[PDB]
Structures are given as structure tokens and as C-alpha cells.
Amino acid sequence: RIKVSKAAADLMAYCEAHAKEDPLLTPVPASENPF
Amino acid sequence: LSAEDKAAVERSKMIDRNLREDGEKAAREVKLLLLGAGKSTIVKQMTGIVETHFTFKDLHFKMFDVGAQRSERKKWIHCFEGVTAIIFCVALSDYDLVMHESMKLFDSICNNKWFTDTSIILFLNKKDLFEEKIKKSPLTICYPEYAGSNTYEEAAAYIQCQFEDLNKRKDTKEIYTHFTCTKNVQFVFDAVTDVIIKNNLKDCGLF
Amino acid sequence: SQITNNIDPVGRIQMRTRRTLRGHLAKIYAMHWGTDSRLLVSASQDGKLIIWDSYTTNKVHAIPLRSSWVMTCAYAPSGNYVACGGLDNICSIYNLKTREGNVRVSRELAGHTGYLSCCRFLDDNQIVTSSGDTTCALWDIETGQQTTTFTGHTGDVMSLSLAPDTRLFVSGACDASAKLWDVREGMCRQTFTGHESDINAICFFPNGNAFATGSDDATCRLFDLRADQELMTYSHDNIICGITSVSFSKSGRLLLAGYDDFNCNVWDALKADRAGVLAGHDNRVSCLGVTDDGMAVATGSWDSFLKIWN
Amino acid sequence: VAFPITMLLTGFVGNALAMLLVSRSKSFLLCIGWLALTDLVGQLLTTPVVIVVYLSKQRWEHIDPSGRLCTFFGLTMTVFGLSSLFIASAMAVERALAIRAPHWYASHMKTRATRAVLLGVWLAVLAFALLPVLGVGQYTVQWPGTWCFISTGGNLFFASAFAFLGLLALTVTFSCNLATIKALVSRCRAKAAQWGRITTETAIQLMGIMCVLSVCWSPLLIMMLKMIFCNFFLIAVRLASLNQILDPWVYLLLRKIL
Ligand SMILES: CCCCC[C@H](O)/C=C/[C@H]1[C@H](O)CC(=O)[C@@H]1C/C=C\CCCC(=O)O
């Protein structure tokens, strides 16, 4: 078993490394948003 | 907006015409469950689930004799909410054959939260074996205070009023008890034409 | 959960029903987005499995079933195959890109005893099903026989979720025990028990090394496959009903849970807060899927309406 | 002077409610909504002219030369007024069909005929109101000098046909409730009982309909046949509009109310 703080760090590192490419927390303008 | 889009929308409208035609054809059919604990005799004289389709006097309705699954009642019983009746079936020639389990099942079904509007038909199957077994031996053993007599008709009426008593806190559903004597499918015919009238008088809005 | 309070939370989320897909008559238990991010399927008790286009909101196919009791559906990663299963104890497979115009059934997988809860494709050659007789499986379409059967629990399996690399899945069951399986060998590897009642839906965190469990006692939890224990429970004190479906977002920051008090929610999957409610559904919601591109959700419900958000 | 003021605000507060209540929530809610909407519109398009006409105190012939405004007000009353009987009758025939042929009602009347015969009642009603527009009959100003109906004199054919066609509705209604009631009682008599409570609730609510349509549209229809063959006629339209006030209340309110 790995330390749960290390797994917490890994999940928050994956959380912060894809905040730019998320169309449902920082929405794109309606020029490209296909609906 | 080329010809492709217009062809696609005309295909969509043909699909919706067929879909609505099949839907309307579906709703003039009386879906009916067949819950139980002698179901085979009943479905004869009238894996997974089996649907039996039969027509009476210009009114064909299906009948869903579930019971081969035996997995859990809590997880797939809510797909049965829209249904007209429940042909429950209990043979009453098993009062002392090692009936309390059947009463527990009826208590769990009749009080269920998805079935507060479904009129539970009930059938009591084996009566000849019951009258022979009551002529030979008494039924004062299921309860120590069960019957105050030992004739056929008092015992039968006591059992019938014992099953109809478990209907807890409902004045919206109506148990239609019978005894399984042409005139065995006549009864579900004359007791499904009494729940669709109750439903029409709620449809046009009258009570 | 203790470490993230130095991270700025998401403020609030506003989502609007950008379409509404109309045409079902009975209730709804399913949907599955393609990898196209374009076409969805939906399965109902009319006996109809309808493939919808999510841009023009009109039908492409209206597949007629035989057993009108479906509880799950699947849409292949090759865009060719749909699957359906339910109380018939049979997983039917239909093919779309055929020589003729009409649609037809390819293979009738007929080897279970309980009903069907899920089914998810792997290739156009491997489908993994989960059932109500406490056993998953793994099938083979042409052969017709199951090449691996997982019998690891007592509770009936209710959900299923393949990994991003499609090498090992996860299944939670009616005995609150969520197992992590392995497709190659064919036996369980860990079992997590943290829930007080049974389990209605599970999906992986999109990385592939965590998963989220939605139970029937108004709580969700987030388990990890390397620390092997609960990290958060998400619960609000004003909930009675039970979760019915669960899905994630592409960045792993929103956890959308399909509750049973008539409306979905959005859970901050790192701070355990409540972001914003997908309100307005009339009856219970049954299913919701985020696209692979991550541009929408499409919640279905017993109201006969399949609505597409944002 | 206070009668149009009372019948305006009382009818408005009666029929606002039902529109709100009905809107939020079958083949009955639309056919009470289209009764409510027509009933309110017939109260909003007719009362302003009178309320205005007698603030002033002058003869209707002075304000309207050439006889157009009476022709407007002699067609509205017939049109909005008769419909209402033809909204009450349709509902009644449908309530009979339910109990008398229990299954025919399910297959054949799924909201695609509750926008058909109901939005055809207005057409049937109207290929008759526009006959003074084509030269037969005449809407003239009556004794008060604020409203208009059929002249007493080929006009009789318009005057007698109004009585005949206003009798159809009343008759149909009474027949349908008695037919329904008789069937319900006989169907409840041979049992051997919660179907009994259905009989009490319906009996009460299918006799209020049968009494309102004979306290209100009784005098206006019975005197017109004698007129074809002073003050009385004046009350004949206050009674026959009071049904409109109460139409919104009886069908979907007082039962909820009490
Ligand atoms: C066949 C009759 C149909 C009429 C229906 C119409 O919607 C009735 C509304 C009334 C209201 O009750 C009083 C009023 O002024 C409205 C118009 C009718 C009365 C005109 C004469 C009123 C007066 O001079 O007293």
C-alpha cells in the first residue's frame, strides 16, 4: 500500500494539469461550443 | 441545408409516424402480472420471464408469469409499476404442509409503494383436495384459534377473509377473490372491466 | 480531503438544457454516448432502442426489440454495434453498418440465470456483462460462449466500468462490496467495503486509478486503487433518496450524480462541496453520460424525456 | 348601474383562479381550460362597452350610427354564450361514454379529439351567428339600451332556430347525466363496497351541473318560444350570464374548496 497523501497528491496533480481543457468548468464561447 | 438534411428529416418523420402508430397499438392491451408462491394449472387453463398472450371477447391482453428469476424482488419490481391487475394465486390445500409464507408474501406485495392503485385479483386454486383434507383432518392447527368449526364453507370463508384482511390502509384497491372452479377466465374478464371503469372515472375527472 | 483546502474551489455552475429529445413513451433506463461524441442510444419499456443524433435531435434508427424489459444498453467504440439486456437473461447484439437498410440482430448471448445490469464493449469481439446472480462474465461474439466468468461475491452485481486502458474493470454489488477484477487471469484483486447499503452505480476516475461509488443511502464515496481505502464521502443532510447513476468529467473535477429526489446534482470531486443542481426533471433520473470530448451530459428519466445539458 | 360592475369583477375573480390552477398540472384539464378561457374572454370583451356606455347616459343609437356596434354586440353574446353550453354538453357526453362503453374510450379518445370537436363547437355555433351578417335576422337594441338580441319581427326562423339549438344542449346534458347515473346505480346495486363512495361523489357532482343549467338557461329559452308564438326579458340575460360566472366554480373548485 502507498501513502494516501501520495495518492492524494497524484489525483490533485491530475486535477490541476487538465483544468484548461475542461468544457464544463471553464466553458468555451458559443462560437465553437456545438450546441 | 442541402438535400441530405431534407432527406434525413423526412426519414425522421416516417420513423415518428411508425413509432406513434406502434405506441397507440400498444396501449389497447391489458398488461397483467402473475405473481405467486399452482400457477402452472392457471396459465394452462387460461429462462427469464414468459409472456402469454390470449384474447377474450375482443380484448387480448398479455400476462407476465414472472418467478423463474429468484434474484431479488427489490430491484426489478419497479419496472412493473404501470400494470392493470395482479393475478395472485394460492392453493389453499396446503394449510399444514410444512400458508404463513404466502401470507407474508401477500403482506409484502399488497402494501408495496409502487402498487397503491393496482387492483389485486386473487385466486384460490385447489378446493377439492381442500375439502377432502378437511373432511379427514381439522385445520385448528395453523392457528390454535383458527376456526370455530370444521365444515367446508366456514373454513373457506375464514381463509378468504384472512387473506383479504392484510390490505393495510388502502381504500383505493379492491381484492376480487375467487375459488377456481369457460367461467374461470370469465372472472378476470368481469374484474378487469371494473378497474378500467374506475380509471375512466378518474380520467374524465369525476371523483 | 484535508490537503486540498489551499486550492481555490469552483464557484458555481450554470447549465441549460440546450436540447430536448422527444419521442419515447415509456420510462427510460439507459443511454450511452459513442466515441463519436455525436450519436447516443436510449432504451425504454416501449420495446424501442432508439439511436439519436445529438445535433439535429432526430432519429437515425428505431430498433424494435423482442423483450420489452431492458435495463441496460451499450454502444461500441467502433460505432458499429449496440447491445441490450434485461429481464430476459439474454444480451442481444445488433449491427448498424450493414449492407441493406434495415437493422438486424447479430448474436443472442444466452448464458446467464439472473437478469442483466450492465454490459460494456471492449472490441467488436469482446463484451463484458454483469448480472443478478452474483456473477460477471466475459464473452466472445462469434463463439457464443463465455471465456471467463467472475464469481466473487454474494450480492447481485449492479454496475460495471472498464478502465481507460481496458485491462481490468470494477463492479459493485448488492452486498456493498465493490471489487476490482482482472480480465486476463479472471479473479478478483481487491475488495472495498465502506458502504452501509447496496450499490447502484460506479464509474472510474478518468485517469484510471480511482473510482467513485454511488449507493442507495444518499451518499457517494471515492475509493483509490493504490491506498485501498475511502478518501471522501459526499453527502448533504437534506437527502433521503438513493443515487441511481454516476459519471465523471474529463478533467476529473466534476462528479455528476443522478439522485432520486427528482433532480441530478454536481459534486466537486476534490473539495466535497455541492456546486450546482441540474434541476427540473419531472420523475426520477436513471442515466447520465458525459461525452468523450467532454461537451455535454444527456440525462434520461422516467419522464420519457432525454435532455442534453450545456 | 352596479350589476355590470359586479358581474365583471366577480366573474373575473372566479375565472382567474381556474386558469392558474389548471395551467400547472388528462382529457379533462384541457376541456375545462378551454371552457375557462372562453368563459373569461366572453366576460372581458362584452362588459367594457356597457360599463362605458352607461357612465355617459346617452342613447346607443346616438353613439353608434349605421348599426355596426350593436351588430358586434349581438353576435358576441350568441357566440360566447352558446359555446359554453356546448362545452358543458361535450363534457357530459364524454362522461357518459366512459361508464357506458368502458373500453371504447381507451383506444379512441387520447387528446386528439379534445382539440377537435371542442374547437369545432365554436365553428358550428358560428355558422349561425353570422346570418344577420348575410341578411336573415337582426340584432337590435333592447329595453335597457345597452345590449342586443334578436328582433321579434324570415326572422323567426332565426329566432325559433336559436331556441331549438339551445334546447339541444340542455337536453343532451340532462339525458347524459341520467343515463350515466342509472348505469352507475344498477352497476353498484348487484354487488355482494368502495364503489359506493364513487356513487355518492359523482351523484353530487352531476346534479350540480344538472341544476345550474336549469336555474340559468331556463327562462331565456322558455320565453323566446312564446315571443315567437316588459321587465322579464331584462332579468333573462342576468340569469343566463350568471351561469358563466359560476361555470368556472362548479367544475373544478367548490369540490376542492369544500
Ligand atoms: C346568451 C347570453 C350570453 C352572455 C354571456 C356574457 O359573457 C355575460 C356577461 C355579463 C355580466 O354578467 C354582466 C355584463 O354586463 C356582461 C355582459 C352581459 C350582460 C350585458 C347586459 C348587462 C346588463 O344590461 O345587465
# chains A, B, ... in the order shown; residues from 1 in each chain; ligands from 1
call {"tool": "residues_near_ligand", "arguments": {"ligand": "ligand 1", "cutoff": "9 Å", "atoms": "only C-alpha atoms and all ligand atoms", "output": "PyMOL selection string"}}
result
chain D and resi 1-8+10-11+38-51+76-82+84+144-149+217+220+234-245
call {"tool": "select_by_dssp", "arguments": {"residues": "stretch 58-123 of chain D", "states": "alpha helix (DSSP H)", "output": "NGL selection string"}}
result
:D and (60-63 or 69-100 or 104-108 or 121-123)
call {"tool": "interface_residues", "arguments": {"of": "chain D", "to": "chain B", "cutoff": "8 Å", "atoms": "only C-alpha atoms", "output": "ChimeraX atom specification"}}
result
/D:26-28,94-95,98-99,102-103,105-107,194,198,201-202,205
call {"tool": "atom_distance", "arguments": {"atom1": "atom CA of residue C:269", "atom2": "atom CA of residue C:247"}}
result
10.8 Å
call {"tool": "atom_distance", "arguments": {"atom1": "atom CA of residue D:159", "atom2": "atom CA of residue D:177"}}
result
28.2 Å
call {"tool": "residues_around", "arguments": {"residues": "stretch 182-197 of chain C", "least_positions_apart": "5", "cutoff": "6 Å", "atoms": "only C-alpha atoms", "output": "list in words"}}
result
residues 168, 176 and 177 of chain C
call {"tool": "residues_around", "arguments": {"residues": "residue A:21", "least_positions_apart": "4", "cutoff": "12 Å", "atoms": "only C-alpha atoms", "output": "PDB file with N, CA and C atoms, in the first residue's frame"}}
result
ATOM      1  N   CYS A  15      -5.722  16.665 -11.425  1.00  0.00           N
ATOM      2  CA  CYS A  15      -6.777  17.673 -11.454  1.00  0.00           C
ATOM      3  C   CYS A  15      -6.262  19.012 -11.973  1.00  0.00           C
ATOM      4  N   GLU A  16      -5.079  19.436 -11.525  1.00  0.00           N
ATOM      5  CA  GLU A  16      -4.567  20.746 -11.914  1.00  0.00           C
ATOM      6  C   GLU A  16      -3.915  20.753 -13.289  1.00  0.00           C
ATOM      7  N   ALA A  17      -3.609  19.592 -13.860  1.00  0.00           N
ATOM      8  CA  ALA A  17      -2.951  19.519 -15.158  1.00  0.00           C
ATOM      9  C   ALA A  17      -3.933  19.375 -16.311  1.00  0.00           C
ATOM     10  N   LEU A  25     -16.177  23.241 -16.659  1.00  0.00           N
ATOM     11  CA  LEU A  25     -15.916  24.119 -15.527  1.00  0.00           C
ATOM     12  C   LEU A  25     -15.456  25.509 -15.945  1.00  0.00           C
ATOM     13  N   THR A  26     -14.765  25.631 -17.079  1.00  0.00           N
ATOM     14  CA  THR A  26     -14.474  26.911 -17.723  1.00  0.00           C
ATOM     15  C   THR A  26     -15.030  26.816 -19.137  1.00  0.00           C
ATOM     16  N   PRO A  27     -16.277  27.233 -19.354  1.00  0.00           N
ATOM     17  CA  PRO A  27     -16.942  26.958 -20.634  1.00  0.00           C
ATOM     18  C   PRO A  27     -16.341  27.745 -21.786  1.00  0.00           C
ATOM     19  N   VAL A  28     -16.447  27.165 -22.977  1.00  0.00           N
ATOM     20  CA  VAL A  28     -15.932  27.781 -24.194  1.00  0.00           C
ATOM     21  C   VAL A  28     -16.979  28.756 -24.720  1.00  0.00           C
TER      22      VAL A  28
ATOM     23  N   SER C 249     -16.203  13.952 -15.139  1.00  0.00           N
ATOM     24  CA  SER C 249     -15.833  14.837 -16.234  1.00  0.00           C
ATOM     25  C   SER C 249     -14.441  14.475 -16.746  1.00  0.00           C
ATOM     26  N   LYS C 250     -14.048  15.112 -17.855  1.00  0.00           N
ATOM     27  CA  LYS C 250     -12.785  14.756 -18.499  1.00  0.00           C
ATOM     28  C   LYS C 250     -11.582  15.164 -17.660  1.00  0.00           C
ATOM     29  N   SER C 251     -11.649  16.312 -16.999  1.00  0.00           N
ATOM     30  CA  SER C 251     -10.533  16.750 -16.174  1.00  0.00           C
ATOM     31  C   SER C 251     -10.559  16.148 -14.779  1.00  0.00           C
ATOM     32  N   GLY C 252     -11.578  15.362 -14.454  1.00  0.00           N
ATOM     33  CA  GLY C 252     -11.702  14.790 -13.127  1.00  0.00           C
ATOM     34  C   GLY C 252     -11.951  15.812 -12.042  1.00  0.00           C
ATOM     35  N   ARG C 253     -12.808  16.793 -12.304  1.00  0.00           N
ATOM     36  CA  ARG C 253     -13.096  17.843 -11.337  1.00  0.00           C
ATOM     37  C   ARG C 253     -14.570  17.972 -11.006  1.00  0.00           C
ATOM     38  N   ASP C 293     -15.359  13.715 -25.662  1.00  0.00           N
ATOM     39  CA  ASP C 293     -14.784  15.047 -25.795  1.00  0.00           C
ATOM     40  C   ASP C 293     -15.045  15.859 -24.531  1.00  0.00           C
ATOM     41  N   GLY C 294     -16.179  15.625 -23.880  1.00  0.00           N
ATOM     42  CA  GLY C 294     -16.497  16.320 -22.652  1.00  0.00           C
ATOM     43  C   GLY C 294     -17.238  17.606 -22.920  1.00  0.00           C
ATOM     44  N   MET C 295     -18.334  17.524 -23.668  1.00  0.00           N
ATOM     45  CA  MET C 295     -19.052  18.709 -24.097  1.00  0.00           C
ATOM     46  C   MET C 295     -20.478  18.792 -23.574  1.00  0.00           C
TER      47      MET C 295
END
call {"tool": "closest_atom_pairs", "arguments": {"of": "chain C", "to": "chain A", "cutoff": "10 Å", "atoms": "only C-alpha atoms", "output": "JSON lines"}}
result
{"residue": "C:1", "atom": "CA", "partner": "A:8", "partner_atom": "CA", "distance": 8.0}
{"residue": "C:2", "atom": "CA", "partner": "A:5", "partner_atom": "CA", "distance": 9.5}
{"residue": "C:3", "atom": "CA", "partner": "A:8", "partner_atom": "CA", "distance": 8.0}
{"residue": "C:4", "atom": "CA", "partner": "A:12", "partner_atom": "CA", "distance": 8.0}
{"residue": "C:7", "atom": "CA", "partner": "A:12", "partner_atom": "CA", "distance": 9.5}
{"residue": "C:10", "atom": "CA", "partner": "A:25", "partner_atom": "CA", "distance": 7.5}
{"residue": "C:11", "atom": "CA", "partner": "A:25", "partner_atom": "CA", "distance": 9.4}
{"residue": "C:12", "atom": "CA", "partner": "A:25", "partner_atom": "CA", "distance": 8.9}
{"residue": "C:13", "atom": "CA", "partner": "A:25", "partner_atom": "CA", "distance": 7.2}
{"residue": "C:14", "atom": "CA", "partner": "A:24", "partner_atom": "CA", "distance": 9.5}
{"residue": "C:15", "atom": "CA", "partner": "A:24", "partner_atom": "CA", "distance": 8.9}
{"residue": "C:17", "atom": "CA", "partner": "A:35", "partner_atom": "CA", "distance": 9.9}
{"residue": "C:18", "atom": "CA", "partner": "A:35", "partner_atom": "CA", "distance": 6.4}
{"residue": "C:19", "atom": "CA", "partner": "A:35", "partner_atom": "CA", "distance": 7.9}
{"residue": "C:54", "atom": "CA", "partner": "A:35", "partner_atom": "CA", "distance": 8.9}
{"residue": "C:55", "atom": "CA", "partner": "A:35", "partner_atom": "CA", "distance": 7.1}
{"residue": "C:56", "atom": "CA", "partner": "A:35", "partner_atom": "CA", "distance": 9.7}
{"residue": "C:205", "atom": "CA", "partner": "A:11", "partner_atom": "CA", "distance": 9.3}
{"residue": "C:206", "atom": "CA", "partner": "A:14", "partner_atom": "CA", "distance": 9.6}
{"residue": "C:207", "atom": "CA", "partner": "A:14", "partner_atom": "CA", "distance": 7.6}
{"residue": "C:209", "atom": "CA", "partner": "A:11", "partner_atom": "CA", "distance": 8.8}
{"residue": "C:210", "atom": "CA", "partner": "A:11", "partner_atom": "CA", "distance": 8.5}
{"residue": "C:224", "atom": "CA", "partner": "A:7", "partner_atom": "CA", "distance": 7.7}
{"residue": "C:225", "atom": "CA", "partner": "A:7", "partner_atom": "CA", "distance": 9.2}
{"residue": "C:226", "atom": "CA", "partner": "A:2", "partner_atom": "CA", "distance": 6.1}
{"residue": "C:227", "atom": "CA", "partner": "A:2", "partner_atom": "CA", "distance": 5.4}
{"residue": "C:228", "atom": "CA", "partner": "A:1", "partner_atom": "CA", "distance": 7.3}
{"residue": "C:229", "atom": "CA", "partner": "A:4", "partner_atom": "CA", "distance": 8.5}
{"residue": "C:230", "atom": "CA", "partner": "A:4", "partner_atom": "CA", "distance": 9.7}
{"residue": "C:231", "atom": "CA", "partner": "A:4", "partner_atom": "CA", "distance": 8.3}
{"residue": "C:249", "atom": "CA", "partner": "A:24", "partner_atom": "CA", "distance": 7.7}
{"residue": "C:250", "atom": "CA", "partner": "A:22", "partner_atom": "CA", "distance": 6.5}
{"residue": "C:251", "atom": "CA", "partner": "A:18", "partner_atom": "CA", "distance": 5.2}
{"residue": "C:252", "atom": "CA", "partner": "A:15", "partner_atom": "CA", "distance": 5.9}
{"residue": "C:253", "atom": "CA", "partner": "A:15", "partner_atom": "CA", "distance": 6.3}
{"residue": "C:254", "atom": "CA", "partner": "A:25", "partner_atom": "CA", "distance": 7.8}
{"residue": "C:269", "atom": "CA", "partner": "A:15", "partner_atom": "CA", "distance": 9.6}
{"residue": "C:270", "atom": "CA", "partner": "A:12", "partner_atom": "CA", "distance": 7.7}
{"residue": "C:290", "atom": "CA", "partner": "A:24", "partner_atom": "CA", "distance": 10.0}
{"residue": "C:293", "atom": "CA", "partner": "A:23", "partner_atom": "CA", "distance": 8.7}
{"residue": "C:294", "atom": "CA", "partner": "A:23", "partner_atom": "CA", "distance": 6.4}
{"residue": "C:295", "atom": "CA", "partner": "A:23", "partner_atom": "CA", "distance": 5.9}
{"residue": "C:296", "atom": "CA", "partner": "A:24", "partner_atom": "CA", "distance": 7.8}
{"residue": "C:297", "atom": "CA", "partner": "A:24", "partner_atom": "CA", "distance": 9.7}
{"residue": "C:308", "atom": "CA", "partner": "A:35", "partner_atom": "CA", "distance": 9.4}
{"residue": "C:309", "atom": "CA", "partner": "A:35", "partner_atom": "CA", "distance": 9.2}
{"residue": "C:310", "atom": "CA", "partner": "A:35", "partner_atom": "CA", "distance": 7.5}
call {"tool": "interface_residues", "arguments": {"of": "chain B", "to": "chain C", "cutoff": "7 Å", "atoms": "only C-alpha atoms", "output": "list in words"}}
result
residues 12, 47, 48, 49, 69 and 71 of chain B
call {"tool": "write_last_selection", "arguments": {"atoms": "C-alpha atoms", "output": "PDB file, in the first residue's frame"}}
result
ATOM      1  CA  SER B  12     -37.211  11.097 -39.128  1.00  0.00           C
ATOM      2  CA  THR B  47     -35.269 -18.895 -18.709  1.00  0.00           C
ATOM      3  CA  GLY B  48     -36.254 -15.373 -17.677  1.00  0.00           C
ATOM      4  CA  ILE B  49     -39.894 -14.294 -17.823  1.00  0.00           C
ATOM      5  CA  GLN B  69     -35.654 -15.266 -11.817  1.00  0.00           C
ATOM      6  CA  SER B  71     -32.783 -12.977  -7.637  1.00  0.00           C
TER       7      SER B  71
END
call {"tool": "atom_distance", "arguments": {"atom1": "atom CA of residue D:129", "atom2": "atom CA of residue D:222"}}
result
20.1 Å
call {"tool": "residues_around", "arguments": {"residues": "stretch 117-123 of chain D", "least_positions_apart": "5", "cutoff": "10 Å", "atoms": "only C-alpha atoms", "output": "PDB file with N, CA and C atoms, in the first residue's frame"}}
result
ATOM      1  N   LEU D  30     -57.835  19.972 -20.327  1.00  0.00           N
ATOM      2  CA  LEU D  30     -57.895  20.860 -21.481  1.00  0.00           C
ATOM      3  C   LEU D  30     -59.328  21.293 -21.763  1.00  0.00           C
ATOM      4  N   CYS D  31     -60.298  20.419 -21.515  1.00  0.00           N
ATOM      5  CA  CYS D  31     -61.685  20.730 -21.825  1.00  0.00           C
ATOM      6  C   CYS D  31     -62.381  21.426 -20.661  1.00  0.00           C
ATOM      7  N   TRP D  34     -60.348  25.155 -21.782  1.00  0.00           N
ATOM      8  CA  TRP D  34     -60.970  25.830 -22.910  1.00  0.00           C
ATOM      9  C   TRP D  34     -62.377  26.303 -22.590  1.00  0.00           C
ATOM     10  N   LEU D  35     -63.000  25.755 -21.549  1.00  0.00           N
ATOM     11  CA  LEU D  35     -64.211  26.371 -21.027  1.00  0.00           C
ATOM     12  C   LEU D  35     -63.872  27.634 -20.254  1.00  0.00           C
ATOM     13  N   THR D  38     -62.595  30.599 -22.749  1.00  0.00           N
ATOM     14  CA  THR D  38     -63.731  31.150 -23.481  1.00  0.00           C
ATOM     15  C   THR D  38     -64.673  31.895 -22.550  1.00  0.00           C
ATOM     16  N   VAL D  79     -72.396  34.058 -29.748  1.00  0.00           N
ATOM     17  CA  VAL D  79     -71.194  33.231 -29.885  1.00  0.00           C
ATOM     18  C   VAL D  79     -70.567  32.837 -28.556  1.00  0.00           C
ATOM     19  N   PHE D  80     -70.218  33.783 -27.698  1.00  0.00           N
ATOM     20  CA  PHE D  80     -69.535  33.392 -26.463  1.00  0.00           C
ATOM     21  C   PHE D  80     -70.489  32.694 -25.515  1.00  0.00           C
ATOM     22  N   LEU D  82     -73.345  30.748 -26.212  1.00  0.00           N
ATOM     23  CA  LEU D  82     -73.849  29.412 -26.563  1.00  0.00           C
ATOM     24  C   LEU D  82     -72.749  28.380 -26.405  1.00  0.00           C
ATOM     25  N   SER D  83     -71.539  28.718 -26.832  1.00  0.00           N
ATOM     26  CA  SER D  83     -70.389  27.834 -26.702  1.00  0.00           C
ATOM     27  C   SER D  83     -70.293  27.146 -25.385  1.00  0.00           C
ATOM     28  N   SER D  84     -70.574  27.939 -24.389  1.00  0.00           N
ATOM     29  CA  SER D  84     -70.453  27.486 -23.062  1.00  0.00           C
ATOM     30  C   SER D  84     -71.409  26.343 -22.784  1.00  0.00           C
ATOM     31  N   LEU D  85     -72.620  26.378 -23.260  1.00  0.00           N
ATOM     32  CA  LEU D  85     -73.464  25.262 -23.160  1.00  0.00           C
ATOM     33  C   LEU D  85     -72.876  24.096 -23.977  1.00  0.00           C
ATOM     34  N   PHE D  86     -72.204  24.412 -25.077  1.00  0.00           N
ATOM     35  CA  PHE D  86     -71.602  23.387 -25.917  1.00  0.00           C
ATOM     36  C   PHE D  86     -70.216  22.906 -25.467  1.00  0.00           C
ATOM     37  N   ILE D  87     -69.831  23.324 -24.265  1.00  0.00           N
ATOM     38  CA  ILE D  87     -68.583  22.935 -23.628  1.00  0.00           C
ATOM     39  C   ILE D  87     -69.024  22.064 -22.458  1.00  0.00           C
ATOM     40  N   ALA D  90     -70.457  18.664 -24.159  1.00  0.00           N
ATOM     41  CA  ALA D  90     -69.492  17.733 -24.700  1.00  0.00           C
ATOM     42  C   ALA D  90     -68.912  16.957 -23.632  1.00  0.00           C
ATOM     43  N   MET D  91     -68.615  17.659 -22.542  1.00  0.00           N
ATOM     44  CA  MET D  91     -68.056  17.042 -21.354  1.00  0.00           C
ATOM     45  C   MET D  91     -69.032  15.996 -20.835  1.00  0.00           C
ATOM     46  N   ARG D 112     -56.633  13.915 -29.025  1.00  0.00           N
ATOM     47  CA  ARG D 112     -56.558  14.264 -30.423  1.00  0.00           C
ATOM     48  C   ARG D 112     -57.936  14.382 -30.981  1.00  0.00           C
ATOM     49  N   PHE D 128     -74.011  30.352 -37.715  1.00  0.00           N
ATOM     50  CA  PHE D 128     -75.394  30.680 -37.393  1.00  0.00           C
ATOM     51  C   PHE D 128     -75.507  32.103 -36.859  1.00  0.00           C
TER      52      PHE D 128
END
